[PDB]
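In: experimental coordinates for this protein are included below, preceded by the sequence.
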There are 4 protein chains.
Amino acid sequence: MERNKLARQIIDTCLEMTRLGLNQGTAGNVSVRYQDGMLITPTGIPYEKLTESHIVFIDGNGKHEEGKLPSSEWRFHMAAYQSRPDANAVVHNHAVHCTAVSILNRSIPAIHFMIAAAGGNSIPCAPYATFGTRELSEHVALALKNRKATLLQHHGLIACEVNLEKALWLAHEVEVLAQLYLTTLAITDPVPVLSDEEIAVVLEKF
Amino acid sequence: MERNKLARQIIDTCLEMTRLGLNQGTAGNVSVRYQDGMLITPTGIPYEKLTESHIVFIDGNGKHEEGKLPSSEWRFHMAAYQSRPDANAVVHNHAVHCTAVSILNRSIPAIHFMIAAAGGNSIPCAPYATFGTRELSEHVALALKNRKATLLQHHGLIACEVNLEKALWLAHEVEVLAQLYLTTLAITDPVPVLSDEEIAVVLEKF
Amino acid sequence: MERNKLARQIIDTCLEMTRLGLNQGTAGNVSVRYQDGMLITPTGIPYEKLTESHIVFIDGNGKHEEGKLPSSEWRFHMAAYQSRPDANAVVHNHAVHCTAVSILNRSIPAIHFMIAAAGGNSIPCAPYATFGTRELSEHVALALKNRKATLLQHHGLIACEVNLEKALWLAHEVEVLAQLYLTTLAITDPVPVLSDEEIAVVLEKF
Amino acid sequence: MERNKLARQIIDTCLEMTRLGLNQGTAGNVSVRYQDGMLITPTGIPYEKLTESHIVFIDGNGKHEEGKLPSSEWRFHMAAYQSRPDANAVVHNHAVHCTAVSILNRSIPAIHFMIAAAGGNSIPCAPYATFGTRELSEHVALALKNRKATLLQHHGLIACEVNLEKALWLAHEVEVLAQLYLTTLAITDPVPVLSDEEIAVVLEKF
Ligand SMILES: [Zn+2]
Ligand SMILES: [Zn+2]
Ligand SMILES: [Zn+2]
Ligand SMILES: [Zn+2]
């Protein structure tokens, strides 16, 4: 539970996201809850040139470490932590299927029972606002009130969970649900869904 | 034909499924026929942290080993074994193309002659029922009466065969047929099929 | 130009086809022109368990080596060699995009100038006939009269060239053209094409 | 800033392009600004057989080194350098999504805010002209006047930037935008876009 271990895990999560096809280029950012704020990836540096010392600490007031530049999207990581006290890790990426659904501005409905992993019968899509702004942060905090993941219109995905391993797992599951949704929407609209009654049973079972 | 070899093979099949793109996250479960019951993967543990000792024995009465938690979908593995005496291995996964077809609730018709690998002129789609229930098990046992693989509505795929190698091979072939089906359904509906007469010739040749 | 080198190359081509995503399971078969007949992969054996001694010699009369079982599709390899004297290697696979186009029973028209690599302004699609039959062989020999590659209705692809390296390269290029065709056909039908006059210029330049 | 280092980087960029799924077969060509002309990949040689000595120097007059054959598409690399003085590296490939959009002859509109990486609110599509001709070069020089990347009708993509690392990164980002565009166009046409006012804010922020 010390900084160098948590930074190591952040880096490993970045690399694994790229392995899984969820992150291309420099698009993702990952953070963990730490002391009074968080540890987050820096802006600009390619994932594969990332060393432990590159990880940035931002306190609870938004002041970041001396000599480092945090991800340009750090504000919605801090909004996630303040909106969901149980969240200890946040994964953000621009995964292609999730992002295509965000362009249509649709929520993902209950086309598969694994949608319950995010907390309910849907994956919401928060309205567009310029990256890095307060307005974006507010939409995100509202979307995560009762869901562990949300799409961001014309942008990508945010997933949060109790640790990095589970946050990555959820993010990967939402990209699969997005891919299922787009593949079936091309054939039929609307796509068959499971009823609220059936999702209620699955949620209890989880 | 001893437990440690069979457990080793189960684990290798899990890893290979992930290699092939058939399994994401923690979704699949694999089993083999053993003594009076079966050996199956455990619930929860990520595939890459799986060791031989993690594999769970469930007898013919449904009693599982002390100190282990079997896959939460073990009941339809036991239903497969009871419905098909010739089956010695069962692979279950949530492969994306198969699962998208299961959302449409369609059987895969004979769009390619390799559909005969599963025993007939189609890959059926068994109706939805909550995972882990007796109701689900019954649909699966009925769908496998005359087929070696079946889709499961809003869920995924089950394939069974004489050994793990062949069961994985079949599962991969059904995911390819599913992908062929979705790709052509987006262009034309209905999709051209081979006649029953032609499938009858291919079945004899196999 | 001895047997063990050519067998080594066949095996390497099988492995590389799988690397490229052109071959799944046990579907492909590869051959090279040799002495009075050909060297071809065997039936059944998985690509990764293939050793030099597994490669099968079939003479010009169709008699195969003692103790080995040649690919079950060897007849259309022999038809390719007899129809195209310049062909020294044949690659056959069930690549997913090519096969989806073969299900629609469409030729691939000149949607990109690389279609000229196969010899003209199209990739034909030969009519369906049961695998391994004389009827299939005849369609293939007719389709390859003026083209180096052909789709096979409800089945897959055959590509031939002066050596294995070029035959694999062509097969991969046709799978890309197939993918381009399906992706654009989902959006608009018919798909824009280059005129015959423009393909004529590209053919001269190659 | 010597030739052997720059050639090494060109080769590494070729290999990485193939790693990323942007380049299949022998289709791409990469160059860097050097002395009075450029260093470019040769024609024909497969990427994996490329050694430092294979890289070709072409001066500012179009004269290439003795004993080497430059890429057959070198003219539009030289046109890019003359049209954009700030460009120091050029990546060209036939990436499948970009190329499918080029077949439709559509520009990619602002469906995601990362479109601003190429300089504006769109990725243009330059009209078709035979590869290697002066006519093609002219369309490319006009398309790159106010954009760092362009699609080429019925052909592929060109991206330019201050160094190879950034040029590859841009090329990969445009392939993602192309994939986003095709995936959403199959569902709805036209696809929702961000307004010019919103792209103007994102451009300032970058
Ligand atoms: Zn973002
Ligand atoms: Zn399941
Ligand atoms: Zn075949
Ligand atoms: Zn080109």
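Out: Structure's in. What do you need? Numbers count the residues shown, from 1 in each chain, chains lettered A, B, ... in the order given. Ligands and ions are numbered 1, 2, ... in the order given.
In: from now on I want contacts and neighbour counts done on CA atoms only, so please keep to that.
Out: Fine.
In: between the helix ranked longest in chain A and helix D:164-185, how big is the angle?
Out: Across chain A, the helix with the greatest residue count (assigned by DSSP state H) is helix A:164-185. Computed by axes from the mean of the first three to the mean of the last three C-alpha atoms, to 10 degrees, the angle separating helix A:164-185 from helix D:164-185 equals 50 degrees.
In: assign the residue nearest the centre of chain A to helix, strand or coil.
Out: Centroid-nearest residue in chain A, with C-alpha atoms, centre = their mean: residue A:158, separated by 2.1 Å. Here residue A:158 is strand, with the state taken from DSSP: H, G, I helix; E, B strand; the rest coil.
In: surely it and residue A:90 touch.
Out: Yes - using C-alpha atoms under 8 Å, residue A:158 is in contact with residue A:90, at 7.1 Å.
In: what residues does chain A put near chain B?
Out: Contact residues, chain A versus chain B (C-alpha under 8 Å from any C-alpha of the partner chain): A:111-113, A:169, A:172-173, A:176, A:179-181, A:183-184, A:186-187, A:191-194, A:198, A:201-202.
In: go again using 10 Å as the cut-off
Out: By C-alpha under 10 Å from any C-alpha of the partner chain, the residues of chain A that approach chain B are A:20, A:110-114, A:168-170, A:172-173, A:176-177, A:179-188, A:191-194, A:198-199, A:201-202, A:205.
In: which of those residues are close to chain D?
Out: A:182, A:183, A:184, A:185, A:186, A:187, A:188.
In: in this structure the last one contacts residue B:101, no?
Out: No - in this structure residue A:188 lies outside contact range of residue B:101 using C-alpha atoms under 10 Å: 11.5 Å.
In: quick one, which of these two is more surrounded?
Out: A side-by-side neighbour count of residue A:188 and residue B:101, using other C-alpha atoms under 10 Å in any protein chain shown, places residue B:101 first with 27 against 13.
In: from residue A:203, how far out is that one?
Out: Distance check for residue B:101 against residue A:203: by C-alpha to C-alpha, to the nearest Å, it reads 24 Å.
In: quick one on the thing from earlier: who touches both of residue A:158 and residue A:90?
Out: Contact criterion C-alpha atoms under 10 Å, 6 or more residues apart in numbering or on different chains; residues bridging residue A:158 and residue A:90 by contacting each: A:29, A:30, A:76, A:77, A:80, A:148, A:149, A:167, A:171.
In: mind listing the strands for chain A?
Out: Secondary structure of chain A by DSSP state E: the strands cover A:29-34, A:37-40, A:56-58, A:89-93, A:125-126, A:149-152, A:156-161.
In: the shortest one packs against which elements?
Out: Same thing as strand A:125-126. helix A:96-104, helix A:134-143, strand A:149-152, strand A:156-161 (3 or more C-alpha pairs under 10 Å, 6 or more residues apart in numbering or on different chains; DSSP states H and E).
In: follow-up on the earlier one: isn't the residue nearest to the centre of chain A up against residue A:137?
Out: No - with contact defined as C-alpha under 10 Å, residue A:158 does not reach residue A:137; the gap is 11.4 Å.
In: now for those two: what residues contact both?
Out: A:76, A:77, A:80.
In: out of those residues, which is nearest to chain D?
Out: Among those, residue A:76 lies closest to chain D (C-alpha to the nearest C-alpha), at 17.0 Å.
In: and chain A, which residues reach chain D?
Out: A:24-27, A:94-105, A:128-132, A:153-156, A:182-189.
In: could you list which of the residues you listed also contact chain C?
Out: residue A:186.
In: which of the residues of chain A next to chain D count as buried?
Out: Buried members of the residues of chain A next to chain D, scored by 16 or more other C-alpha atoms under 10 Å in any protein chain shown, are A:24-27, A:94-105, A:128-131, A:153-156, A:182-187.
In: from residue D:189, how far off is residue A:37?
Out: Applying C-alpha to C-alpha to residue A:37 and residue D:189 gives a distance of 44 Å.
In: meant to ask about residue A:8
Out: 44 Å.
In: cool, and residue A:99?
Out: 17 Å.
In: and what of residue A:181?
Out: Taking C-alpha to C-alpha, one finds residue A:181 at 18 Å from residue D:189.
In: what of residue A:74?
Out: Residue A:74 is 34 Å from residue D:189, by C-alpha to C-alpha.
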